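A short write-up of the structure that comes next.
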Ligand SMILES: CNc1ncccn1
């Protein structure tokens with residue numbers, strides 16, 4: 001079926017939970033043996049969210065190459081994304097090592113450091129120009145260059161230096177700051193505006209390594225971001241935009257990381273975002 005009218009048909013019939021459970025039943029199951037090794041317990045935020053072995057990002061280290069991060073490679077859309085958990089106190093250096101080694105231009109952050117009164121990720125970037133951060137375990141230096149605070153999101157320019165070679169690179173930090181503590185946003189308008197700002201920066205384009213996107217677990221809000229981007233791109237590429245099937249695209253993405261889209265409300269919100277976004281594109 002088309003999307004907008006499949007949408008109204010699920011609303012009128014109140015069957016979002018049943019649609020979402022079908023997705024959960026059909027989703028791929030692949031091994032995640034490296035994630036579950038005992039030496040990696042303090043590298044995982046949640047025991048039930050792990051990268052598959054076949055698609056995990058490897059650190060360029062011989063001691064321990066493990067990080068909770070996955071490469072989502074979308075062949076028809078010609079887009080790639082790295083989806084990862086919010087960094088932990090003992091993985092902030094690994095996180096920036098990955099950004100460096102994978103040649104990413106941008107980092108997309110969809111959560112606040114504290115939500116619901118609890119810490120959802122480490123304070124992994126500097127808040128003042130004159131107070132830079134050094135990660136001694138991976139030999140990197142990170143400096144805040146500029147910051148632009150808007151009503152729904154903040155953009156930061158950061159400098160990442162590989163202290164071993166003295167090479168430097170400019171990284172863009174795109175921080176969506178207004179996702180509610182409970183539920184999903186009422187309108188997709190600010191989320192779409194944010195996606196378009198990431199696109200306009202070049203961070204999603206083939207001349208760079210994959211964008212790094214995270215929330216707390218790296219599967220819920222993060223899944224919504226890449227699912228909406230890929231669906232909208234396919235609607236631009238194909239002769240028949242109504243052929244784009246958001247449930248099929250989501251199942252394709254779940255071949256590369258488990259659990260993408262965590263609730264039926266996130267699924268409904270993804271439909272809403274793609275539907276509204278397709279009208280603005282034209
Ligand atoms: C489908 N995306 C795309 N196509 C051509 C060039 C770049 N991106």
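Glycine gets a Cβ as well: all are built from the backbone with ideal geometry, and neighbour counts include every protein chain shown. FYI, it's all coordinate maths here, none of it is from the lab.
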Taking 7 Å along the Cα-to-C-beta vector as the label spot, tell me the residue 141-residue 53 distance in nanometres, rounded to one decimal.
4.1
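Order of 153, 81 from fewest to most other C-beta atoms within 10 Å? Don't skip to the answer; put the middle values down first.
Working: 153 21, 81 25.
In order of increasing Cβ crowding within 10 Å: 153, 81.
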Given a Förster distance of 45 angstrom, what is the FRET efficiency for residue 40 paired with residue 200, based on the Cβ-Cβ distance and rounded to 0.05?
0.75
With -39,500 (n - 2.57) per DSSP H segment of 4 or more residues and division by the full residue count of the chain, the 222 nm estimate, nearest 500 deg cm²/dmol, is -9500 deg cm²/dmol
Over what distance in Å are the Cα centres of segment 23-89 and segment 231-282 separated?
22
Note: the chain at 4 °C, 1.567 mPa s; Kirkwood Rh on alpha carbon pairs; Stokes-Einstein D in µm²/s works out to 66
Residues in segment 173-197 near a label at residue 149, defined as backbone nitrogen under 18 Å from the 7 Å Cα→Cβ point?
173-179
Residue with peak Gaussian network fluctuation, the chain [Cα springs, cutoff 10 Å], from 61, 102, 266
61
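Rounded to the nearest 5, what % of DSSP beta bridges with both residues in the chain are antiparallel? Could you put the intermediate results ahead of the total?
On the way: 32 of 44 bridges.
Expressed as a percentage, antiparallel bridges in the chain total about 75.
Ranked by Cβ crowding within 10 angstrom, fewest neighbours first, how are 95, 194 ordered? Working shown, then result.
Details: 95 27, 194 22.
If I rank by nearby Cβ atoms, fewest first, I get 194, 95.
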With a cut-off of 14 Å, note down the residues of segment 211-231 whose backbone N falls inside the zone around a label point 7 Å from the Cα of residue 6 toward its beta carbon.
228, 231
Can you sort 175, 25 so the residue with the fewest Cβ neighbours within 10 Å comes first?
25, 175
